[PDB]
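Have a look below at one chain only, the form deposited in one PDB entry, in structure tokens format.
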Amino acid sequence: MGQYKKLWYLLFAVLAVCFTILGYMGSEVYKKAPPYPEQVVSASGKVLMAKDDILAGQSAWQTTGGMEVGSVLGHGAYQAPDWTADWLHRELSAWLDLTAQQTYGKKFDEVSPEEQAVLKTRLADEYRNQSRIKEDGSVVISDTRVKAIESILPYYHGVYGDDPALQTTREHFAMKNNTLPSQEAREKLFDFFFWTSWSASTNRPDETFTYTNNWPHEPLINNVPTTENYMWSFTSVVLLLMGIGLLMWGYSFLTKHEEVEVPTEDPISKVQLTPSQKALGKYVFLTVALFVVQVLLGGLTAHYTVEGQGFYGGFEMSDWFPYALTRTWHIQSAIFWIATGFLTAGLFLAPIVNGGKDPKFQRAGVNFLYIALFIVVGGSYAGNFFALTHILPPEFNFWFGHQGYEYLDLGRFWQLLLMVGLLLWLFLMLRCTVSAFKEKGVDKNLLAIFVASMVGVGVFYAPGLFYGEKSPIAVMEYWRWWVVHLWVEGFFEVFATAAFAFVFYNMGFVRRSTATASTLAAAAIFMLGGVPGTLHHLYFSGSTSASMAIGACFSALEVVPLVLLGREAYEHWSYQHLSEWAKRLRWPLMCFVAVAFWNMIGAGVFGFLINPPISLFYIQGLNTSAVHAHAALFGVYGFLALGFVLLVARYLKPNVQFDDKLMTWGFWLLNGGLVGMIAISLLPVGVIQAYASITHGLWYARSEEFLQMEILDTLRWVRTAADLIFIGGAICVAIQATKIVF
């Protein structure tokens, strides 16, 4: 529209192209995911399992908590092993031992390297080629394979049950006793584990690589990166560097950095607060309180990684609040409090868009949304608690208990209710912008893009409802990453950028044209990479090689604007020196400066570390992912939510001054604790694990023997100091916000 028509058309074209690519890859995921075999039958004719057994095992896995106990196909938690890789390696080792006894009369390790080479070529042929699914949907496995499977089942029954010989192992895995109490459910669960391993080690019908693109790294069957893996990794590096250079060129030639005269009074402080705006103090307190609870839950989960089952000393903690539960609550609370901060920012800005007045029952809607958020959080957490104790019967686990899928752990009922709450929030936003859009004579492009960002935030949680309990793992991964990657990464980024532009234009820090054009171009750039870059979560989950290529190349373009965020950091930081009333905004602006810094480091650097297929092939499911998760999710969106609620609190209680000493302490403790956690614990552990994964295979890097090495135990312990520093910073920030609002 107007002078911004070309930018609007660029954004529309980018959206159409990128979503077409993502949707066609979704159809590919549906069509090319590893099949659940109708029957897995031994060469002698006995049926070992059927498709329904595998699906029941998937359900039982969800009941144990799924991705919050170990990982499957490289997704999940990092204390316990990746069950796919561990099962694959154990089964291959058993096959080799049995075959070596049958062929040379000794164990595999006691025969000559030549004999070992013969055995390994036999093993590779059997697993990769002979196990390929037949036309009738059947998988035929050898009798030796059947015996190998039967030999490793007791280990997993002990790990998931109450075997006194496996107790230590269970503690080393941060697993409670009787994670899956039912023997029959455990048998189904190990059917599902076998299925995963089979998909990871069986060539695609028309290819020489497996359904998982040869993941995990397993030298025994030559599970190694394909040539296309290397090629597309290098291509993504080239695209990243060229995009960075060209974006820098465009910034240098197309941006003049105009100087704007700051208004003498704060424009936002001049508008009288509406009742619904004043009702947002409880939202501010909810955000900071959930932040404190979340970091405390992280401390508890971390204690489980050094003391697997026991506190320092009443009752057994691991029976009722095991590592699985505390990890679930730690991740879900992160999502909840960041989202609540964003929603509070929106609900505060909405009446200002509506001319400083509330529509009818806007405060009632705000209160209803608050109550609904409490119901979602409390109900989902109670459901997790009763699912993990297996008090809740299995047939209700997916709807009310634990979905077992990371970041979407809450039961489907609570997910539906959260979707309804987000829709209600969107309604309360849009009804405050209708009148502003009906206004005559005013350019609405900035408001249009801000409203589009609102719609994205309030709608794109829906794809998390597109999979079911029995949905194939690959389909669930596709839709889950729609939510986690798209809805958070891309749409929260766009909403934050548009909110920045709208807010800073209203305060007079930026020109309308600059804010509008910057927001439109930034939205186009963010979407171009983020939308198809969703596929970097699906390299090894049963998607095809082409999905990996698209994910790598487009996700590289996500980093391009991130490493240049020094410009915006400087602008936001300089705003506080523009006037005396701008100095009242120092700490929200400092939070946004930290957002820029961590969007650069944690998102760009530590996400591209794990982004190329050649790297993620080896380090998917290692601690480098935890490094990136903490740095990106908190430093970007945690600091964004904190800055938002701090701004809201400043305008809700304008008579209260920020405590500069307390805020300095909290801000620098948060930043220093994040840096310290990464530098002294998480990154060294990830590097050591990466060395092990590249050298020996992923199963080794996740093994109990390797994770219990003294250096790794020490590094996990050492994290406590940085963890305490970070928690101190979080407590300071929460205290400041609570003092302002109450």
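Sequential numbering from 1, following the sequence displayed. Note that the rigid core is defined as the largest set of C-alphas that superpose within 1.5 Å between two forms.
The next section is about a form of this same protein that is not shown, the form deposited in another entry.
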{"property": "Rigid core superposition between this form and the one not shown: residue from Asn445, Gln362, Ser625, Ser579 with Cα shift of 2 Å or more", "result": "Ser579"}
{"property": "Did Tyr251 shift 2 Å or more between this form and the one not shown, C-alpha, core superposed", "result": "yes"}
{"property": "Rigid core superposition, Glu568 Cα moves 2 angstroms or more between this form and the one not shown", "result": "yes"}
